[PDB]
Amino acid sequence: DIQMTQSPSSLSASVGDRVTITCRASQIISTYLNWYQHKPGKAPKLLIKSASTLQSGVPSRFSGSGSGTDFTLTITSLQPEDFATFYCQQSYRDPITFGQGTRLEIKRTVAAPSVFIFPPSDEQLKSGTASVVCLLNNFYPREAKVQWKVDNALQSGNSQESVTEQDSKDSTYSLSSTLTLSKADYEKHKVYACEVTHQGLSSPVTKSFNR
Amino acid sequence: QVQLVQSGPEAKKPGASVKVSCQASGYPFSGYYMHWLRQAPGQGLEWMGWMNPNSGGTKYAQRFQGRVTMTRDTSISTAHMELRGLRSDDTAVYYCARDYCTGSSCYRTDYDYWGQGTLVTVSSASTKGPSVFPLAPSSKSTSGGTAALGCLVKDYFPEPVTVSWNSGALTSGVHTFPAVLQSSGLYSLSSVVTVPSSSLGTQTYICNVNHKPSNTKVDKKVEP
């Protein structure tokens with residue numbers, strides 16, 4: 001019954017910057033609040049217990065404050081091993097409830113995507129299906145828009161896209177949009193093009209092939 | 001020291017039950033309460049209940065009391081959880097966690113150690129093995145001498161599949177994408193790796209795809 005709201009939903013910051021995130025409780029929880037760090041695919045790690053006390057092994061750059069309803073978590077000199085989704089958790093009254101999360105992103109210099117396009121394999125065409133694949137490689141930020149056009153007729157409702165997690169070395173993203181057709185639909189057209197609109201991209205790049 | 005190792009990922013049909021386990025190592029298993037939690041996709045964590053491994057007594061959340069059962073096996077130091085009546089809402093990653101304050105002098109509930117997570121997928125689709133297709137390199141050279149090649153793992157169920165390149169001897173510049181659920185009900189992902197275009201044809205590249213629920217391992221060489 002203790003709803004937990006964190007602000008903001010998601011933020012981006014650089015290495016060495018100080019950032020604060022807030023955590024609001026629906027009712028009074030005095031100091032019965034814990035802060036957790038959660039990288040994707042791995043276990044959550046306890047960072048701050050009793051809303052102000054640092055957990056063993058947690059570096060000194062993490063700090064927490066607050067009592068009652070309003071709580072803050074502060075990281076002072078940001079490091080690349082601190083970027084995760086952060087949760088606050090009440091422990092005053094059952095049921096135990098968490099915040100929705102706060103994705104922490106690494107700001108870096110803006111990087112243009114390397115655009116590659118992949119025709120469907122001949123092994124797939126003998127199976128009667130065709131998947132054309134567009135690859136966007138090593139870009140920042142995460143927002144990029146991909147549009148498929150065949151013979152200058154843009155497609156709609158037949159393409160699915162996925163984006164990787166943020167890389168740990170260069171803090172970049174990679175995106176793969178996959179247009180799926182039948183074999184008769186694939187061998188009916190010639191031009192298969194992939195248009196990319198990215199923030200680090202002056203004119204929209206169109207990569208294409210003719211098979 | 002302390003580490004909690006959970007069961008592997010499972011996939012159940014709607015209406016059935018799942019028994020997720022979690023094995024404790026590095027501390028006296030009795031005397032620390034074992035809490036079970038879950039995370040719906042893109043929704044944050046939900047708490048489900050805690051189990052006392054010394055008594056077997058439990059307290060489940062009121063939302064889960066008809067459906068969930070948390071049992072112990074004290075000698076192998078393993079906590080179990082059995083959630084019945086599985087719906088499509090119950091597709092989540094499930095976490096076990098140790099309550100430190102039931103073994104120390106604090107009054108909170110602090111989860112200092114967590115398990116690695118267990119993906120439980122509830123869908124009506126049956127298990128189907130993946131079809132692996134090459135993503136052949138072509139006149140694809142940005143950055144100068146920089147080619148891209150890949151492997152498309154299409155139409156499998158359930159997650160996960162593990163992909164590696166040249167038996168794991170190629171980890172640099174590889175991007176394996178998260179699987180996307182389709183309208184058919186089947187998953188598909190792609191794994192790409194960027195290599196210099198000078199090495200095309202001199203070095204042979206093989207992606208190793210393994211799907212443990214379907215007992216499928218296929219190795220296909222990607223060639224220009």
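A. Up close: the environment of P9 of chain B. Residue and element names in this part refer to chain B. Within the fold, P9 resides in the loop between strand 1 (3–6) and strand 2 (10–12). Among the residues examined, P9 registers a relative accessible area of 45% and is labelled partly exposed. Here the alpha-carbon distance between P9 and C96, two residues 87 residues apart in the chain, equals 14 Å. Every residue in contact with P9, bar those within four places of it in the chain, is listed here: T118, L119 and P160.

B. Looking closely at the side chain of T97 of chain A. Residue and element names in this part refer to chain A. Counting through the fold element by element, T97 comes out in the loop between strand 9 (85–90) and strand 10 (103–106). Residue classification places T97 among the buried positions, given a relative accessible area of 17%. Separated by 2.5 Å, the side chain of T97 and the backbone oxygen of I2 make a polar contact. Only 3.1 Å separates the side chain of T97 from the side chain of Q90, close enough to count as a polar contact. Once residues within four sequence positions are removed from consideration, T97 is found in contact with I2, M4, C88, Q89 and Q90.

C. Spotlight on the environment of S67 of chain A. Residue and element names in this part refer to chain A. By secondary structure assignment, the location of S67 is in strand 7 (residues 62–67). Distance from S67 to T20, taken between C-alpha atoms, is 16 Å for residues 47 residues apart in sequence. Leaving out residues up to four positions away in the same chain, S67 has contacts with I29, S30 and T31. Within polar-contact distance, the side chain of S67 engages the backbone oxygen of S30 at 2.9 Å.

Rules used throughout
- Residues numbered from 1 in each chain as written, not as in the entry; some residues may be left out.
- Chains lettered and ligands numbered in written order.
- Heavy atoms only, no water.
- Helix = DSSP H or I, 4+ residues; strand = E, 2+ residues; numbered from the N terminus.
- Buried < 20%, exposed > 50% of the residue type's maximum accessible area, 1.4 Å probe, protein only.
- Contact = heavy atoms within 4.5 Å.
- Polar contact = N/O pair within 3.5 Å; in protein donor to acceptor, adjacent residues only side chain to side chain.

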